[PDB]
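S.K.: There's a structure below that I have some questions on.
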Amino acid sequence: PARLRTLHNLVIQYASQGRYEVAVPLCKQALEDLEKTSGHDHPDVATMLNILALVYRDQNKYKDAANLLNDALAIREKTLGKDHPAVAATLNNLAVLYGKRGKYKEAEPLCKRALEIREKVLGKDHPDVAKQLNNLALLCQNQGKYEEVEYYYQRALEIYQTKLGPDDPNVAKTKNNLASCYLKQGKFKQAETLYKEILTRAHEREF
Ligand SMILES: [Mg+2]
């Protein structure tokens with residue numbers, strides 16, 4: 001009923017205040033009760049599982065967080081669609097968890113799938129598709145895929161520069177990331193050229 005709607009906002013309120021003492025039981029309650037209502041395979045079951053998984057991730061219960069997210073991802077894929085936005089959202093959460101836990105190789109495919117969903121949903125050129133590319137490029141940097149890192153950061157910059165103005169802060173933030181990647185990979189002459197472009201537009205603005 002609407003009791004599930006109220007119970008949901010209570011789990012958010014206490015988890016946001018870092019009060020998992022209150023948040024976890026209310027979430028496990030909502031979960032137990034949503035199973036009696038419409039079974040395990042329901043969009044809202046995944047919605048609750050997703051919140052509880054984030055609560056576990058923040059509680060450093062990394063192993064358990066992953067099982068709830070893989071559970072939610074499967075429930076979403078079956079009940080919403082393999083290319084549904086909520087499926088991409090769960091995919092991101094998982095890649096974030098794997099990436100934070102140091103498993104970049106295992107995280108990369110989930111992030112690349114989440115990008116494929118965001119492209120279908122928001123269009124091949126979009127400032128969220130360009131946001132997702134900066135995450136994916138960082139993931140490759142932590143592996144040594146310097147060829148992929150340049151390509152992803154560069155495609156994000158192209159989206160950012162055409163969709164948002166060249167003086168947008170994401171243009172400089174992305175250029176700063178590609179610039180720092182080039183330093184890592186010893187491409188010092190190419191990194192300096194990028195730092196000159198970021199500084200010259202900043203100087204241009206004052207005039
Ligand atoms: Mg390679």
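Residue names in the structure tokens use chain letters A, B, ... in the order shown, residue numbers from 1 in each chain, and ligand numbers from 1 in the order shown.
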What residues of the protein or nucleic acid chains come within 12 Å of ligand 1 when you use only C-alpha atoms and all ligand atoms? Reply as a list in words.
M.R.: residues 140, 141, 143, 144, 145, 146, 147, 148, 149, 150 and 151 of chain A
S.K.: Those selected residues, please, written with C-alpha atoms and delivered as a PDB file, in the first residue's frame.
M.R.:
ATOM      1  CA  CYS A 140      41.135   2.546 -18.026  1.00  0.00           C
ATOM      2  CA  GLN A 141      43.848   4.768 -16.544  1.00  0.00           C
ATOM      3  CA  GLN A 143      44.643  -0.427 -15.790  1.00  0.00           C
ATOM      4  CA  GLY A 144      47.191   1.252 -18.102  1.00  0.00           C
ATOM      5  CA  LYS A 145      44.831   1.479 -21.118  1.00  0.00           C
ATOM      6  CA  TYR A 146      46.363   4.898 -22.019  1.00  0.00           C
ATOM      7  CA  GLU A 147      45.137   4.612 -25.651  1.00  0.00           C
ATOM      8  CA  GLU A 148      41.548   4.103 -24.434  1.00  0.00           C
ATOM      9  CA  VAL A 149      41.958   6.933 -21.787  1.00  0.00           C
ATOM     10  CA  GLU A 150      42.836   9.462 -24.435  1.00  0.00           C
ATOM     11  CA  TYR A 151      39.932   8.412 -26.682  1.00  0.00           C
TER      12      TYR A 151
END
S.K.: Could the residues of segment 38-148 of chain A that have an atom at most 8 Å from segment 158-175 of chain A be listed as a Markdown table, each with its closest atom pair and the distance in Å to one decimal, counting only C-alpha atoms and ordered by chain and ascending residue number?
M.R.:
| residue | atom | partner | partner_atom | distance |
| --- | --- | --- | --- | --- |
| A:125 | CA | A:159 | CA | 5.7 |
| A:126 | CA | A:159 | CA | 6.4 |
| A:127 | CA | A:160 | CA | 6.2 |
| A:130 | CA | A:159 | CA | 6.1 |
| A:134 | CA | A:174 | CA | 7.2 |
S.K.: Here is a test: counting only C-alpha atoms, which residue of A:117, A:72, A:139, A:55 is nearest to residue 18 of chain A?
M.R.: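 Between A:117, A:72, A:139, A:55, the residue approaching residue 18 of chain A most closely is A:55.
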S.K.: Choose the residue, out of A:96, A:202, A:107, A:24, that has the smallest atom-to-atom separation from residue 12 of chain A; count only C-alpha atoms.
M.R.: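 Comparing A:96, A:202, A:107, A:24 against residue 12 of chain A, the winner is A:24.
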S.K.: If you count only C-alpha atoms, which residues fall within 10 Å of segment 76-86 of chain A, apart from same-chain ones fewer than 4 positions away, as a PyMOL selection string?
M.R.: chain A and resi 41-47+70-72+90-92+113-114+116-118+120-122
S.K.: Just list as a PyMOL selection string whatever in chain A DSSP marks as helix (DSSP H, G or I).
M.R.: chain A and resi 2-16+20-38+43-58+62-79+85-100+104-122+129-141+146-163+169-184+188-206
S.K.: In Å, rounded to a single decimal, give me how far atom CA of residue 152 of chain A is from atom CA of residue 108 of chain A.
M.R.: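 Spanning atom CA of residue 108 of chain A to atom CA of residue 152 of chain A is a straight-line distance of 12.7 Å.
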S.K.: Quote the spacing between atom CA of residue 48 of chain A and atom CA of residue 30 of chain A in Å to one decimal place.
M.R.: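 Atom-to-atom, atom CA of residue 48 of chain A and atom CA of residue 30 of chain A are spaced 7.5 Å apart.
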S.K.: Go ahead and compute the interatomic distance for atom CA of residue 50 of chain A and atom CA of residue 29 of chain A, in Å to one decimal.
M.R.: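 Taking atom CA of residue 50 of chain A and atom CA of residue 29 of chain A, their separation equals 14.5 Å.
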S.K.: Any idea what's packed within 8 Å of residue 66 of chain A, counting only C-alpha atoms, ignoring anything in its chain fewer than 2 positions away? Could you give it as a ChimeraX atom specification?
M.R.: /A:53,62-64,68-70,94,97
S.K.: I need the residue nearest residue 103 of chain A from this list: A:88, A:57, A:142, A:74. Use only C-alpha atoms for the distance.
M.R.: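 That would be A:142, the residue with the smallest distance to residue 103 of chain A.
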S.K.: Could you pull the residues within 12 Å of residue 9 of chain A, counting only C-alpha atoms, minus those fewer than 3 positions along the same chain, as a PDB file with C-alpha atoms, in the first residue's frame?
M.R.:
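So out34.pdb came out as:
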ATOM      1  CA  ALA A   2       0.954   3.727   0.525  1.00  0.00           C
ATOM      2  CA  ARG A   3       2.563   2.406   3.821  1.00  0.00           C
ATOM      3  CA  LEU A   4       5.428   1.180   1.549  1.00  0.00           C
ATOM      4  CA  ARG A   5       5.756   4.766   0.143  1.00  0.00           C
ATOM      5  CA  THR A   6       6.121   6.287   3.645  1.00  0.00           C
ATOM      6  CA  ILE A  12      16.183   7.571   2.918  1.00  0.00           C
ATOM      7  CA  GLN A  13      15.913  10.130   5.762  1.00  0.00           C
ATOM      8  CA  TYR A  14      17.832   8.012   8.324  1.00  0.00           C
ATOM      9  CA  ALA A  15      20.381   6.565   5.884  1.00  0.00           C
ATOM     10  CA  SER A  16      21.135  10.167   4.715  1.00  0.00           C
ATOM     11  CA  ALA A  23      17.629   2.854   8.296  1.00  0.00           C
ATOM     12  CA  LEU A  26      13.107  -0.114   8.193  1.00  0.00           C
ATOM     13  CA  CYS A  27      14.569  -1.174   4.831  1.00  0.00           C
ATOM     14  CA  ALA A  30       9.947  -2.818   3.670  1.00  0.00           C
ATOM     15  CA  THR A  47      14.561  -0.143  -5.476  1.00  0.00           C
ATOM     16  CA  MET A  48      14.790  -1.151  -1.783  1.00  0.00           C
ATOM     17  CA  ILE A  51      19.281   1.547  -1.096  1.00  0.00           C
TER      18      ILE A  51
END
S.K.: Taking into account only C-alpha atoms, which residue in the set A:31, A:110, A:20, A:205 is nearest to residue 7 of chain A?
M.R.: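 Result for the nearest residue to residue 7 of chain A: A:31.
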